[PDB]
């Protein structure tokens, strides 16, 4: 079935800048950002709509990956949509996990990174709270990692 959840995160980083970091530079940041995400492979595409990325992450002695698909892009409105369609890193209980992201201006100088996750479980399979949360927590780690870089490199933003 399908489950929809929304998540927000405030930031002192200006909208256009955070958006750029999150959707245009994040790929080229693997090297300069500590996190389980080891490498990001552009299987097919250069980043535009239709691009397929293989995202590898190492959790110690082990490793896994997810295959990402860039679904839609709207720079003007700071919009970015993609989804995980498979990969050893996608819980067995899920068929797919879509992300609809947008970055809006905050009320006091920064921005808000807004996300809407659409979980697709297998058939009538219910959605585990663990599975749901493991998903939200991973996106958050990623985000914090990108922001951290932006905040430490004003020269670049």
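Positions refer to the first chain, counted from 1.
- Mean C-alpha B-factor is higher over 121-129 than over the other stretch, the pair under comparison being 36-44 and 121-129.
- The question of which stretch, 133-141 or 14-22, has the higher mean Cα B factor is settled in favour of 133-141.
- Taking the PDB entry at face value, the top CA B factor among 30, 97, 70, 67 belongs to 30.
- Of the residues listed, 105, 55, 115, 90, the entry assigns the biggest Cα temperature factor to 105.
- The deposited CA B-factor of residue 155 belongs to the highest third of values across its chain.
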